[PDB]
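Text of input30.pdb, listed as PDB, N, CA, C and O atoms and all ligand atoms:
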ATOM      1  N   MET M   1      -3.891  12.695   4.082
ATOM      2  CA  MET M   1      -5.010  12.489   5.014
ATOM      3  C   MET M   1      -4.565  12.392   6.478
ATOM      4  O   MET M   1      -5.220  11.653   7.202
ATOM      5  N   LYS M   2      -3.515  13.033   7.027
ATOM      6  CA  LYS M   2      -2.656  14.195   6.737
ATOM      7  C   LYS M   2      -1.375  13.773   6.011
ATOM      8  O   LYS M   2      -1.500  13.226   4.921
ATOM      9  N   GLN M   3      -0.140  13.983   6.504
ATOM     10  CA  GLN M   3       0.410  14.713   7.658
ATOM     11  C   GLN M   3      -0.348  15.992   8.002
ATOM     12  O   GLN M   3      -1.044  16.530   7.153
ATOM     13  N   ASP M   4      -0.141  16.551   9.187
ATOM     14  CA  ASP M   4      -0.806  17.783   9.615
ATOM     15  C   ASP M   4       0.243  18.760  10.131
ATOM     16  O   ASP M   4       0.124  19.362  11.196
ATOM     17  N   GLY M   5       1.386  18.779   9.443
ATOM     18  CA  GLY M   5       2.629  18.819  10.184
ATOM     19  C   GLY M   5       2.681  17.503  10.951
ATOM     20  O   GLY M   5       3.132  16.501  10.398
ATOM     21  N   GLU M   6       2.098  17.503  12.155
ATOM     22  CA  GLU M   6       2.017  16.390  13.089
ATOM     23  C   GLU M   6       1.670  15.079  12.376
ATOM     24  O   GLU M   6       0.545  14.907  11.909
ATOM     25  N   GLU M   7       2.604  14.134  12.258
ATOM     26  CA  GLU M   7       4.042  14.356  12.357
ATOM     27  C   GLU M   7       4.676  13.453  11.305
ATOM     28  O   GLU M   7       5.320  12.462  11.638
ATOM     29  N   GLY M   8       4.404  13.751  10.025
ATOM     30  CA  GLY M   8       4.671  12.861   8.892
ATOM     31  C   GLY M   8       4.383  11.415   9.294
ATOM     32  O   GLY M   8       3.236  11.117   9.627
ATOM     33  N   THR M   9       5.366  10.507   9.327
ATOM     34  CA  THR M   9       6.699  10.532   8.723
ATOM     35  C   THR M   9       7.146   9.115   8.310
ATOM     36  O   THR M   9       8.269   8.956   7.838
ATOM     37  N   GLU M  10       6.332   8.070   8.510
ATOM     38  CA  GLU M  10       6.868   6.726   8.682
ATOM     39  C   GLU M  10       5.905   5.709   8.055
ATOM     40  O   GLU M  10       5.641   5.783   6.854
ATOM     41  N   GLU M  11       5.374   4.756   8.825
ATOM     42  CA  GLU M  11       4.334   3.871   8.326
ATOM     43  C   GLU M  11       3.069   4.697   8.082
ATOM     44  O   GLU M  11       2.859   5.716   8.739
ATOM     45  N   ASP M  12       2.234   4.270   7.130
ATOM     46  CA  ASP M  12       1.091   5.039   6.645
ATOM     47  C   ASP M  12       1.483   6.473   6.292
ATOM     48  O   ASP M  12       0.821   7.445   6.662
ATOM     49  N   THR M  13       2.486   6.602   5.419
ATOM     50  CA  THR M  13       2.313   7.602   4.384
ATOM     51  C   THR M  13       1.305   7.020   3.402
ATOM     52  O   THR M  13       1.311   5.817   3.121
ATOM     53  N   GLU M  14       0.505   7.894   2.812
ATOM     54  CA  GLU M  14      -0.260   7.584   1.631
ATOM     55  C   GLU M  14       0.236   8.519   0.536
ATOM     56  O   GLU M  14       0.924   9.503   0.813
ATOM     57  N   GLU M  15      -0.121   8.203  -0.701
ATOM     58  CA  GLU M  15      -0.052   9.100  -1.833
ATOM     59  C   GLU M  15      -1.198   8.722  -2.768
ATOM     60  O   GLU M  15      -2.137   8.040  -2.357
ATOM     61  N   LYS M  16      -1.135   9.142  -4.031
ATOM     62  CA  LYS M  16      -2.021   8.589  -5.041
ATOM     63  C   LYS M  16      -1.874   7.073  -5.009
ATOM     64  O   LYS M  16      -0.772   6.562  -4.793
ATOM     65  N   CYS M  17      -2.950   6.348  -5.289
ATOM     66  CA  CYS M  17      -2.795   4.962  -5.604
ATOM     67  C   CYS M  17      -1.980   4.871  -6.886
ATOM     68  O   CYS M  17      -2.159   5.632  -7.835
ATOM     69  N   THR M  18      -1.082   3.905  -6.910
ATOM     70  CA  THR M  18      -0.112   3.791  -7.982
ATOM     71  C   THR M  18      -0.407   2.537  -8.788
ATOM     72  O   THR M  18      -0.146   2.498  -9.984
ATOM     73  N   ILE M  19      -1.051   1.543  -8.174
ATOM     74  CA  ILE M  19      -1.573   0.416  -8.906
ATOM     75  C   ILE M  19      -2.760   0.863  -9.748
ATOM     76  O   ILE M  19      -2.889   0.449 -10.895
ATOM     77  N   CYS M  20      -3.611   1.734  -9.201
ATOM     78  CA  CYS M  20      -4.747   2.235  -9.960
ATOM     79  C   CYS M  20      -4.342   3.414 -10.855
ATOM     80  O   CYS M  20      -5.213   4.012 -11.484
ATOM     81  N   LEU M  21      -3.056   3.792 -10.870
ATOM     82  CA  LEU M  21      -2.548   5.040 -11.446
ATOM     83  C   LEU M  21      -3.548   6.195 -11.277
ATOM     84  O   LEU M  21      -3.932   6.844 -12.246
ATOM     85  N   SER M  22      -4.026   6.417 -10.054
ATOM     86  CA  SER M  22      -5.118   7.343  -9.771
ATOM     87  C   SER M  22      -5.060   7.757  -8.307
ATOM     88  O   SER M  22      -4.545   7.018  -7.477
ATOM     89  N   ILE M  23      -5.611   8.917  -7.953
ATOM     90  CA  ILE M  23      -5.737   9.309  -6.565
ATOM     91  C   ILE M  23      -6.535   8.276  -5.774
ATOM     92  O   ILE M  23      -7.421   7.612  -6.310
ATOM     93  N   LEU M  24      -6.211   8.142  -4.488
ATOM     94  CA  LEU M  24      -7.080   7.465  -3.557
ATOM     95  C   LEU M  24      -8.360   8.265  -3.373
ATOM     96  O   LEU M  24      -8.455   9.431  -3.751
ATOM     97  N   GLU M  25      -9.345   7.606  -2.778
ATOM     98  CA  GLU M  25     -10.709   8.084  -2.682
ATOM     99  C   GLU M  25     -11.312   7.533  -1.393
ATOM    100  O   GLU M  25     -10.907   6.465  -0.931
ATOM    101  N   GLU M  26     -12.298   8.224  -0.823
ATOM    102  CA  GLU M  26     -13.057   7.729   0.307
ATOM    103  C   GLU M  26     -14.129   6.771  -0.219
ATOM    104  O   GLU M  26     -15.315   7.089  -0.209
ATOM    105  N   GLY M  27     -13.701   5.614  -0.731
ATOM    106  CA  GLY M  27     -14.573   4.701  -1.460
ATOM    107  C   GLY M  27     -14.863   3.440  -0.659
ATOM    108  O   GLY M  27     -16.020   3.103  -0.426
ATOM    109  N   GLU M  28     -13.816   2.724  -0.251
ATOM    110  CA  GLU M  28     -13.927   1.487   0.489
ATOM    111  C   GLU M  28     -12.869   1.477   1.589
ATOM    112  O   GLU M  28     -12.281   2.509   1.910
ATOM    113  N   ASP M  29     -12.624   0.306   2.163
ATOM    114  CA  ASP M  29     -11.588   0.119   3.160
ATOM    115  C   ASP M  29     -10.233   0.091   2.452
ATOM    116  O   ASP M  29     -10.118  -0.297   1.287
ATOM    117  N   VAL M  30      -9.188   0.546   3.140
ATOM    118  CA  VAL M  30      -7.865   0.641   2.579
ATOM    119  C   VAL M  30      -6.853  -0.022   3.475
ATOM    120  O   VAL M  30      -7.134  -0.355   4.625
ATOM    121  N   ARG M  31      -5.676  -0.260   2.905
ATOM    122  CA  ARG M  31      -4.706  -1.144   3.519
ATOM    123  C   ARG M  31      -3.307  -0.836   3.023
ATOM    124  O   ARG M  31      -3.114  -0.473   1.866
ATOM    125  N   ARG M  32      -2.316  -1.005   3.890
ATOM    126  CA  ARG M  32      -0.940  -0.710   3.573
ATOM    127  C   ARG M  32      -0.180  -2.005   3.432
ATOM    128  O   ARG M  32      -0.432  -2.945   4.185
ATOM    129  N   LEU M  33       0.755  -2.064   2.486
ATOM    130  CA  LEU M  33       1.723  -3.147   2.563
ATOM    131  C   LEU M  33       2.644  -2.818   3.735
ATOM    132  O   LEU M  33       3.091  -1.675   3.834
ATOM    133  N   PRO M  34       2.990  -3.790   4.592
ATOM    134  CA  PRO M  34       3.797  -3.562   5.789
ATOM    135  C   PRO M  34       5.246  -3.141   5.491
ATOM    136  O   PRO M  34       6.031  -2.969   6.416
ATOM    137  N   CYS M  35       5.587  -2.916   4.218
ATOM    138  CA  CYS M  35       6.708  -2.085   3.805
ATOM    139  C   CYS M  35       6.654  -0.745   4.556
ATOM    140  O   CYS M  35       7.635  -0.351   5.177
ATOM    141  N   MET M  36       5.533  -0.023   4.427
ATOM    142  CA  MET M  36       5.303   1.332   4.917
ATOM    143  C   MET M  36       4.068   1.915   4.232
ATOM    144  O   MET M  36       3.204   2.506   4.876
ATOM    145  N   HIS M  37       4.056   1.834   2.899
ATOM    146  CA  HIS M  37       3.182   2.641   2.059
ATOM    147  C   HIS M  37       1.751   2.102   2.041
ATOM    148  O   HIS M  37       1.520   0.891   2.008
ATOM    149  N   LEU M  38       0.791   3.021   1.997
ATOM    150  CA  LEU M  38      -0.632   2.708   1.979
ATOM    151  C   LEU M  38      -1.148   2.691   0.550
ATOM    152  O   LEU M  38      -0.701   3.469  -0.289
ATOM    153  N   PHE M  39      -2.138   1.835   0.310
ATOM    154  CA  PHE M  39      -2.892   1.773  -0.938
ATOM    155  C   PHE M  39      -4.361   1.459  -0.666
ATOM    156  O   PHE M  39      -4.777   1.346   0.484
ATOM    157  N   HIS M  40      -5.175   1.308  -1.719
ATOM    158  CA  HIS M  40      -6.469   0.677  -1.523
ATOM    159  C   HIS M  40      -6.224  -0.744  -1.024
ATOM    160  O   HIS M  40      -5.250  -1.377  -1.418
ATOM    161  N   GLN M  41      -7.147  -1.281  -0.234
ATOM    162  CA  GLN M  41      -7.094  -2.661   0.219
ATOM    163  C   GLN M  41      -7.143  -3.588  -0.981
ATOM    164  O   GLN M  41      -6.241  -4.392  -1.197
ATOM    165  N   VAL M  42      -8.177  -3.424  -1.798
ATOM    166  CA  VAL M  42      -8.362  -4.242  -2.992
ATOM    167  C   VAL M  42      -7.137  -4.203  -3.898
ATOM    168  O   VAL M  42      -6.841  -5.155  -4.619
ATOM    169  N   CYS M  43      -6.420  -3.083  -3.855
ATOM    170  CA  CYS M  43      -5.240  -2.944  -4.682
ATOM    171  C   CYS M  43      -4.071  -3.683  -4.058
ATOM    172  O   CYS M  43      -3.310  -4.305  -4.783
ATOM    173  N   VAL M  44      -3.869  -3.584  -2.743
ATOM    174  CA  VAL M  44      -2.762  -4.263  -2.098
ATOM    175  C   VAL M  44      -2.876  -5.758  -2.381
ATOM    176  O   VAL M  44      -1.863  -6.441  -2.495
ATOM    177  N   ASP M  45      -4.115  -6.234  -2.517
ATOM    178  CA  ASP M  45      -4.420  -7.626  -2.828
ATOM    179  C   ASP M  45      -3.986  -7.959  -4.253
ATOM    180  O   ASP M  45      -3.017  -8.686  -4.457
ATOM    181  N   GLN M  46      -4.677  -7.421  -5.258
ATOM    182  CA  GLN M  46      -4.412  -7.789  -6.647
ATOM    183  C   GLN M  46      -2.971  -7.449  -7.048
ATOM    184  O   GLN M  46      -2.401  -8.046  -7.963
ATOM    185  N   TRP M  47      -2.358  -6.499  -6.347
ATOM    186  CA  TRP M  47      -0.956  -6.201  -6.500
ATOM    187  C   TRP M  47      -0.099  -7.348  -5.994
ATOM    188  O   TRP M  47       0.676  -7.886  -6.767
ATOM    189  N   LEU M  48      -0.252  -7.756  -4.736
ATOM    190  CA  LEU M  48       0.398  -8.933  -4.177
ATOM    191  C   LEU M  48       0.297 -10.147  -5.105
ATOM    192  O   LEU M  48       1.259 -10.904  -5.234
ATOM    193  N   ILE M  49      -0.858 -10.349  -5.744
ATOM    194  CA  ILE M  49      -1.062 -11.407  -6.717
ATOM    195  C   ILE M  49      -0.100 -11.257  -7.902
ATOM    196  O   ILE M  49       0.435 -12.256  -8.378
ATOM    197  N   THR M  50       0.102 -10.039  -8.416
ATOM    198  CA  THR M  50       0.977  -9.801  -9.551
ATOM    199  C   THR M  50       2.394  -9.474  -9.069
ATOM    200  O   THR M  50       3.293 -10.309  -9.154
ATOM    201  N   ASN M  51       2.625  -8.252  -8.593
ATOM    202  CA  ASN M  51       3.920  -7.845  -8.081
ATOM    203  C   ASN M  51       4.070  -8.243  -6.612
ATOM    204  O   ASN M  51       3.449  -7.652  -5.731
ATOM    205  N   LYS M  52       4.985  -9.158  -6.299
ATOM    206  CA  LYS M  52       5.304  -9.453  -4.902
ATOM    207  C   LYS M  52       6.310  -8.448  -4.325
ATOM    208  O   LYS M  52       7.009  -8.758  -3.363
ATOM    209  N   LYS M  53       6.385  -7.230  -4.868
ATOM    210  CA  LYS M  53       7.274  -6.184  -4.404
ATOM    211  C   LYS M  53       6.473  -4.908  -4.248
ATOM    212  O   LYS M  53       5.424  -4.731  -4.871
ATOM    213  N   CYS M  54       6.981  -4.004  -3.417
ATOM    214  CA  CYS M  54       6.314  -2.727  -3.235
ATOM    215  C   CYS M  54       6.428  -1.986  -4.568
ATOM    216  O   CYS M  54       7.492  -2.023  -5.179
ATOM    217  N   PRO M  55       5.384  -1.296  -5.044
ATOM    218  CA  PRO M  55       5.461  -0.548  -6.280
ATOM    219  C   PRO M  55       6.369   0.676  -6.119
ATOM    220  O   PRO M  55       7.090   1.029  -7.046
ATOM    221  N   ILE M  56       6.309   1.343  -4.960
ATOM    222  CA  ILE M  56       7.052   2.569  -4.698
ATOM    223  C   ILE M  56       8.490   2.198  -4.353
ATOM    224  O   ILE M  56       9.413   2.485  -5.109
ATOM    225  N   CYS M  57       8.683   1.578  -3.187
ATOM    226  CA  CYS M  57      10.006   1.299  -2.662
ATOM    227  C   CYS M  57      10.662   0.124  -3.404
ATOM    228  O   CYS M  57      11.873  -0.044  -3.304
ATOM    229  N   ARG M  58       9.907  -0.651  -4.197
ATOM    230  CA  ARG M  58      10.427  -1.517  -5.264
ATOM    231  C   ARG M  58      10.895  -2.895  -4.779
ATOM    232  O   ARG M  58      11.313  -3.718  -5.598
ATOM    233  N   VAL M  59      10.812  -3.180  -3.481
ATOM    234  CA  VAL M  59      11.427  -4.366  -2.886
ATOM    235  C   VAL M  59      10.394  -5.351  -2.398
ATOM    236  O   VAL M  59       9.270  -4.978  -2.094
ATOM    237  N   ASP M  60      10.770  -6.612  -2.268
ATOM    238  CA  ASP M  60       9.849  -7.601  -1.775
ATOM    239  C   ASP M  60       9.516  -7.248  -0.342
ATOM    240  O   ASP M  60      10.420  -7.071   0.473
ATOM    241  N   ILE M  61       8.224  -7.127  -0.044
ATOM    242  CA  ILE M  61       7.742  -6.716   1.255
ATOM    243  C   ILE M  61       8.408  -7.532   2.364
ATOM    244  O   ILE M  61       8.776  -6.986   3.401
ATOM    245  N   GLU M  62       8.586  -8.831   2.119
ATOM    246  CA  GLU M  62       9.526  -9.691   2.797
ATOM    247  C   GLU M  62       9.640 -10.983   1.970
ATOM    248  O   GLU M  62       9.073 -11.063   0.879
ATOM    249  N   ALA M  63      10.332 -12.008   2.470
ATOM    250  CA  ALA M  63      10.220 -13.354   1.923
ATOM    251  C   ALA M  63       8.932 -14.030   2.390
ATOM    252  O   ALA M  63       8.342 -14.837   1.675
ATOM    253  N   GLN M  64       8.525 -13.727   3.617
ATOM    254  CA  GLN M  64       7.300 -14.239   4.208
ATOM    255  C   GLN M  64       6.099 -13.847   3.394
ATOM    256  O   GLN M  64       6.013 -12.752   2.845
ATOM    257  N   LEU M  65       5.197 -14.807   3.210
ATOM    258  CA  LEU M  65       5.014 -16.066   3.935
ATOM    259  C   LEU M  65       3.557 -16.418   4.288
ATOM    260  O   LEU M  65       3.385 -17.239   5.184
ATOM    261  N   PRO M  66       2.507 -15.875   3.645
ATOM    262  CA  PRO M  66       1.167 -16.416   3.794
ATOM    263  C   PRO M  66       1.040 -17.649   2.887
ATOM    264  O   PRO M  66       1.759 -18.627   3.067
ATOM    265  N   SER M  67       0.119 -17.638   1.926
ATOM    266  CA  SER M  67      -0.236 -18.813   1.155
ATOM    267  C   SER M  67      -0.713 -18.308  -0.217
ATOM    268  O   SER M  67       0.121 -18.237  -1.117
ATOM    269  N   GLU M  68      -1.943 -17.827  -0.446
ATOM    270  CA  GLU M  68      -3.203 -18.010   0.266
ATOM    271  C   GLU M  68      -4.330 -17.831  -0.754
ATOM    272  O   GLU M  68      -4.102 -17.253  -1.818
ATOM    273  N   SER M  69      -5.535 -18.312  -0.445
ATOM    274  CA  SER M  69      -6.709 -18.100  -1.274
ATOM    275  C   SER M  69      -7.924 -18.034  -0.366
ATOM    276  O   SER M  69      -8.086 -19.034   0.369
TER     277      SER M  69
HETATM  278 ZN    ZN T 101      -5.796   1.428  -5.962
HETATM  279 ZN    ZN T 102       6.640   0.382   0.106
END

Same coordinates, now as structure tokens:
Amino acid sequence: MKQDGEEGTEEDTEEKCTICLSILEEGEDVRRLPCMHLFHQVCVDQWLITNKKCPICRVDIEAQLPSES
């Protein structure tokens, strides 16, 4: 959603949602783990609740540091 060529390459790559094991969709608001990778917003949430690590890059997004409910 692109790249367009211009210009890949860094934060906000997207791919298929991987928590939903399904393509992303123009359905609701979306959100990236500050690792880099984008997901559905609702997914980044329920994922954080279960896996405190990025699903793709596999690592803890950081040690930090919200709470929260
Ligand atoms: Zn999802
Ligand atoms: Zn990641």

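For the set M:63, M:49, M:33, M:43, the residue with the smallest atom-to-atom gap to residue 19 in chain M is M:43, counting all atoms listed in the file.
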
Evaluate the PyMOL selection byres (((not hetatm)) within 8 of (chain T and resi 101)) here and jot the selected residues down as a ChimeraX atom specification.
/M:16-25,38-44

Chain and number of each residue from the PyMOL selection byres (((not hetatm)) within 4.5 of (chain T and resi 102)), as an mmCIF file with N, CA, C and O atoms, in the coordinates of the input:
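Generated file (result08.cif):
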data_model
loop_
_atom_site.group_PDB
_atom_site.id
_atom_site.type_symbol
_atom_site.label_atom_id
_atom_site.label_comp_id
_atom_site.auth_asym_id
_atom_site.auth_seq_id
_atom_site.Cartn_x
_atom_site.Cartn_y
_atom_site.Cartn_z
ATOM 1 N N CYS M 35 5.587 -2.916 4.218
ATOM 2 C CA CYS M 35 6.708 -2.085 3.805
ATOM 3 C C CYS M 35 6.654 -0.745 4.556
ATOM 4 O O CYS M 35 7.635 -0.351 5.177
ATOM 5 N N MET M 36 5.533 -0.023 4.427
ATOM 6 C CA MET M 36 5.303 1.332 4.917
ATOM 7 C C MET M 36 4.068 1.915 4.232
ATOM 8 O O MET M 36 3.204 2.506 4.876
ATOM 9 N N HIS M 37 4.056 1.834 2.899
ATOM 10 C CA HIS M 37 3.182 2.641 2.059
ATOM 11 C C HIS M 37 1.751 2.102 2.041
ATOM 12 O O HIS M 37 1.520 0.891 2.008
ATOM 13 N N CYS M 57 8.683 1.578 -3.187
ATOM 14 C CA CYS M 57 10.006 1.299 -2.662
ATOM 15 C C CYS M 57 10.662 0.124 -3.404
ATOM 16 O O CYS M 57 11.873 -0.044 -3.304
#

Separation of CA of residue 46 in chain M from atom O of residue 11 in chain M, in Å and rounded to one decimal:
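The value is 21.7 Å.
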
Interatomic distance between CA of residue 12 in chain M and atom O of residue 64 in chain M?
18.8 Å
